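Shown next as C-alpha cells: one chain only, the form deposited in one PDB entry.
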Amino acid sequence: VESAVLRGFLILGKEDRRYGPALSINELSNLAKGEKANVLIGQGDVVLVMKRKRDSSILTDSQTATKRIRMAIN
C-alpha cells in the first residue's frame, strides 16, 4: 500500500528541510504536480521526493496577453 503510493514519486535524495517537515506517506498524495517534499519512508528514514506527475514549462512566446492597449477604433 505504502510503496504503491511511492510509485508515484521520485526519490531525489536526503532530507532537505527547505521543503518543510517530513510528511507521512498518506499525506504525500496531497502534493501538487511536480512538487517536492520530504517524506518518512521508515523508522528514521526521511528522504526528499518529487511527484512523478509533473508541472509544465513556463510559457513566454505562447499566447499570453495579460494587458492590452487600444491603439485605435478598428
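Residues that one form lacks are left out of the comparison. So that there is no doubt, residue numbering starts at 1 and follows the sequence shown. Basically, rigid core = biggest C-alpha set you can superpose within 1.5 Å across the two forms.
Notably, residue 55 is never a gap: all other compared entries of this protein, restricted to those modelling both its neighbours, have coordinates for it, so the one-third criterion is not met. A summary of the deposited B-factors shows that, of 4 to 12 and 63 to 71, the stretch with the larger mean C-alpha value is 63 to 71. Ranked by C-alpha B-factor against the other modelled residues of its chain, residue 58 falls in the highest third.
Although not depicted, the form deposited in another entry is the subject of the following passage.
Comparing the forms between the shown form and the other one, the C-alpha position of residue 68 differs by 2 angstroms or more, with the core used for superposition. Legend: core-fitted overlay between the shown form and the other one; highlighted in sequence order are 42 to 44, 58 to 73, the runs of at least 3 consecutive residues with CA shifts of 2 angstroms or more.
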